[PDB]
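Engineer: build the 3D model from these lines:
(chains A, B, C, D, E and F)
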Amino acid sequence: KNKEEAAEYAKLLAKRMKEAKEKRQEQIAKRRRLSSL
Amino acid sequence: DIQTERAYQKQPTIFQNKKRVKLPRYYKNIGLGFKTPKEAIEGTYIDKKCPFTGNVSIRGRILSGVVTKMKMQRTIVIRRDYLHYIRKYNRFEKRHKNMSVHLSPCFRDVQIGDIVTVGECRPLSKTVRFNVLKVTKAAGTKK
Amino acid sequence: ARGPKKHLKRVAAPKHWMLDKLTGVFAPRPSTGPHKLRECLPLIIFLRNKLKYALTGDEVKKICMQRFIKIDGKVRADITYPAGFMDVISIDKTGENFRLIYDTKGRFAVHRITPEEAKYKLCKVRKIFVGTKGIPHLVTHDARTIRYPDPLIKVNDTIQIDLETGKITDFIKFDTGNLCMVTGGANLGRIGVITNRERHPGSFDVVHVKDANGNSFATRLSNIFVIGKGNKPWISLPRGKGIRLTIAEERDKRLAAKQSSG
Amino acid sequence: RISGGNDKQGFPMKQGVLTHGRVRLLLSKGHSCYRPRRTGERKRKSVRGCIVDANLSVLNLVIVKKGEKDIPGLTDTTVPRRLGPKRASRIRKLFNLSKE
Amino acid sequence: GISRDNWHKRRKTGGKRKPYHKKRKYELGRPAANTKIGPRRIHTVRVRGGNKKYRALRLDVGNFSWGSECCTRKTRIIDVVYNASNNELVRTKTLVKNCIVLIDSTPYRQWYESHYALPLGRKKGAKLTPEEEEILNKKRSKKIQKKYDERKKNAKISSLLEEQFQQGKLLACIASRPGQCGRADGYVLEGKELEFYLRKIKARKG
RNA sequence: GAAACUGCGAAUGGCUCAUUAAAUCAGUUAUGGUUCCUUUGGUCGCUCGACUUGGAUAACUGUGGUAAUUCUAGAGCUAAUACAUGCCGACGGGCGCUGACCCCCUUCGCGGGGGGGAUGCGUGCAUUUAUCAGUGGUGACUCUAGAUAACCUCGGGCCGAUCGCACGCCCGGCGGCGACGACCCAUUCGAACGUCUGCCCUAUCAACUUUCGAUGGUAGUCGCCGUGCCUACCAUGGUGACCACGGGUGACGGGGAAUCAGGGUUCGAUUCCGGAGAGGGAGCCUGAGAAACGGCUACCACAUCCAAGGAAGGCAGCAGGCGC
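Structural biologist: Numbering: from 1, shown residues only, chains lettered A, B, ... in the order given. Pasting the structure now:
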């Protein structure tokens, strides 16, 4: 159960942090836009 | 100048004997939109009960009084004036409740008559339960 | 006293149990459990007084000690067990399913559901907590811990759990334009759409809610439970749908129905 | 061996008190001459000294090394055991059995 | 027994309180451990909530941390020097939190020597006949010497610590209450603290 | 299925109002300053090092002492989820240091660049201390996680020598559903200590407090934690005509009760919430919870039975009796 639960969450969070990293490149693309619109 | 008492006065958070090759200061913003003052960030005193640079957390009530006496050390007596409403006679009566309050050595030049805001924290002494967060100098005092 | 109390006098008992004065001296002191003592409904009161299957305490004991009653898909043979807000009472032999949700007034409704709806429930999160090795934990309103939640769920969101597995299916995020039931105060059982949240650093945050008929009412954020996205309830609502029509309207509806009935 | 007797008032002899006179002790649990009523109780019980004096009603003896003669009361008969070993290990220990 | 409550003493003004109830249990008071220096002795105390609290009555070893370079070793306490609270607690040599004690310098010396490839303590001229210390200070392979020479770059200890090591007793401050947890965990005094305490004991010396 | 050992409950309920005048109590808030039986939901091969062990006791048989009581000593036997001691498994390796030894390239070469790497030590949660960095949350942490160096109380933290119905699955092998237990976390029932405001009459009570703590400061001791709670050394403070300090109360406080045009006056021991007490004071045992009295230990007052040595007491529980 520990093995399956840790595995499933590690997939979910990797997806969530990639959604937040598609936001991080949006944070970089926010700054390049901020300076050079 | 500091470390007058027997034991060594220091901020327990920071380490001051790092092997190398000025002392950094522990301080915190205390929330509720109160400004962490400059003598707290820059100064060189040691105070357990300073709400900015010490081990005490402000929670519960925030009150205001006017400074009455400043004779006992790192502590002041403020005087809180209000009106109590008797119902038989549709009139008020002028009452007062003066309370003991911890003044940090941060607030350097405070005179009597100053409108001192205080915040409730853990019992500091027998009669002391509040701590000075800001000071407003009495009307004028420019000259 | 010198320890925890065990008796509850019939007068000092929570009022929404609607207990009479002349039956007895004591009321069923609810056993400790997931819900609070003033915000619960003991299994004895629900079973004997509302449904009126049992007539007395002995009959309630006899009905439940045959392992017949099942609160949240788990069998409970305890008469004073606190069945609270968002529970799925599942009497198996009659083939009925009840969900405890606040009536339009400050009381619990005898609300029958379908067996397809009686397989999940709608839990509010109370705190999000980091474990012993970076294992995130939820703690819901009914004292139920779930570890490895969604990394998005935060401290006032609603989650939908499966009742056997005890794991999150969906969640409704706390923001404007979401259906919320009020679970405390004078506005107890009002269903409305969130209009504005007003932050009070140090005090309790107050949330303004709008009803379905343009009736607007506030309540402190402690007493709010989001049960829907937009205007869409995620469970079945009781007759009235948490409106609270005025005593003037409730008088008119009562006697007008009586006139037409005969 | 002499295993303690009773005073002429009925007060039993308690080991390791070192008197011929009689004394009041606070007898808690883990003490002889007292069994408690409530769990976590102590009681003032008067007990007679452990040393033997001219003032005693009984002395309780146990024979250590059996002599040469047949005493008409005791050694004449032999007592059968009321019970036998219950624990599996105690049965194995007594009857001298292997594991298989 | 000993009551630990506010209602037995005068008000903010100076009026006398009349006790509205007799002594309660939770207002408890047990005698002071007054932990001494001898062979290990700890007694257990059942406290409120049915938890355990260890009374160190005698204690000679403690887990001290020379935390300049992050080296902590279990060490043998020898005697107490100075105490800020009271002066008779040094005469009747009792451990209390924030005491000043002397500790065995040998585990710290050993570590420093075996780490930095230099000697510590060891006064000038004294012959190192045992020569297992020889093998700890000499005989390195090829690139390990690159590691130990980029290490011993910043091997320089301060003078006031060198003095104590040469004698064989370091000054340390007890950071754990010995009466409550049944321990004597502390830290070695360094720099500003050490100068302050050496001065305070020399004013006590006269 | 008697008894008896074990676990649990006996701290709730019931009775009374003697104390008690910023005390109790009521409304409002705080614990980011704590403890928590039980209930409920989590955790319970995360630790690299036995097909079931140990020796007593009760009941029971037997022999007794005392004028005496829920008093008990001695003998012989026998259980455990009582009391103790302790494995194997998972387990094959990871992970941080330690570092023998080895191949490769740039410089003729020293030198310079990494790659592996025998061996030894260490490891998990909890406990205590010191140092370093900055997964999630708050108005605010010296928070919750993560890293490192150690420690581990022998009056001992955990890491199942326990019980019941089911009975199975292939060459002696071979799994569900429950009860009980257990460190830690949350939850519930709470308790405890603080915040702001509020009480009857009295000046024939005007000054009060303080080196035997009165108000602060530093360091500890004790405590479940915050604090003069208590020590040591400093400082001279704190309260008062806005009535302190002292005294009286035929005073437990409040929800409330009778009276009332409107104001108001008087009452509230009394069934619900809170407090206090078990003849008067003090001390403690066991337990998650008591300074417990239908628990114990004394001392004052009263008092019962005595074969004269000793022994047992506590109705402001329900009845009931004297006294008033």
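Engineer: confirm residue A:20 sits in a helix?
Structural biologist: Yes. Applying DSSP: H, G, I helix; E, B strand; the rest coil, one finds residue A:20 inside a helix.
Engineer: identify the residue spatially nearest to the one residue in chain B that gets nearest to chain C, adjacent ones excluded.
Structural biologist: Closest residue of chain B to chain C, C-beta to the nearest C-beta: residue B:32 (5.6 Å). No exception for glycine: its C-beta is placed from N, CA and C like everyone else's. Closest residue to residue B:32 apart from its sequence neighbours, by C-beta to C-beta, 6 or more residues apart in numbering or on different chains: residue C:201 at 5.6 Å.
Engineer: just the helices in chain E please.
Structural biologist: E:88-91, E:106-116, E:133-137, E:144-151, E:159-167, E:178-181, E:192-205 (DSSP state H).
Engineer: actually, chain D.
Structural biologist: Along chain D, counting by DSSP H, helices occupy D:88-95.
Engineer: right, and RNA strand F sits closest to which residue of it?
Structural biologist: Per C-beta to the nearest atom of the strand, residue D:40 is where chain D lies closest to RNA strand F, at 2.1 Å.
Engineer: burial of the nearest residue to that residue once chain neighbours are set aside, as a residue count?
Structural biologist: Excluding the flanking residues, the one nearest residue D:40 by C-beta to C-beta, 6+ apart is residue D:29, at 7.8 Å. Residue D:29 has 11 neighbours, counted by other C-beta atoms under 10 Å in any protein chain shown.
Engineer: ok, residue D:29 - contacts?
Structural biologist: Residue D:29 is in contact with D:36, D:40-41, counting by C-beta atoms under 8 Å, 6 or more residues apart in numbering or on different chains.
Engineer: now, which of these sits nearest residue B:108?
Structural biologist: residue D:40 (60.3 Å; C-beta to C-beta).
Engineer: near chain A, anything from the helix or strand hosting residue C:128?
Structural biologist: Residue C:128 is part of strand C:120-130, with elements assigned from DSSP states H and E. No. Strand C:120-130 lies out of reach of chain A by C-beta under 8 Å from any C-beta of the partner chain, never closer than 13.3 Å.
Engineer: packing partners for that strand?
Structural biologist: strand C:136-140, strand C:158-162, strand C:225-226 (3 or more C-beta pairs under 8 Å, 6 or more residues apart in numbering or on different chains; DSSP states H and E).
Engineer: give the next helix or strand downstream of the last one.
Structural biologist: The first helix or strand that comes after strand C:225-226 along the chain, using DSSP H and E, is strand C:228-229.
Engineer: find the nearest non-adjacent residue to residue C:18, please.
Structural biologist: Closest residue in space to residue C:18, ignoring its immediate chain neighbours: residue C:107 at 6.6 Å, by C-beta to C-beta, 6+ apart.
Engineer: for the one you found, grab phi and psi.
Structural biologist: phi -120, psi 170 (degrees, to the nearest 10).
Engineer: spit out the contact partners of it.
Structural biologist: So residue C:107 contacts C:16, C:18, C:189 (C-beta under 8 Å, 6+ apart).
Engineer: mind checking how far the nearest residue to residue D:36 once chain neighbours are set aside is from chain A?
Structural biologist: Leaving aside its sequence neighbours, residue D:36 sits nearest to residue D:29 (C-beta to C-beta, 6+ apart; 5.6 Å). Here residue D:29 is placed at a distance of 45 Å from chain A (C-beta to the nearest C-beta, to the nearest Å).
Engineer: and for residue C:69?
Structural biologist: Taking C-beta to the nearest C-beta, one finds residue C:69 at 29 Å from chain A.
Engineer: verify the stated contact: that residue with residue C:43.
Structural biologist: Yes. Taking contacts as C-beta atoms under 8 Å, residue C:69 lies within contact range of residue C:43: 6.5 Å.
Engineer: residues shared between the contacts of those two?
Structural biologist: Contacts common to residue C:69 and residue C:43, judged by C-beta under 8 Å, 6+ apart, are residue C:76.
Engineer: quick check: the residue of chain A found nearest chain B vs RNA strand F, distance?
Structural biologist: In chain A, no residue comes nearer to chain B than residue A:27, which is 25.1 Å away by C-beta to the nearest C-beta. Distance of residue A:27 to RNA strand F, given as C-beta to the nearest atom of the strand, to the nearest Å: 14 Å.
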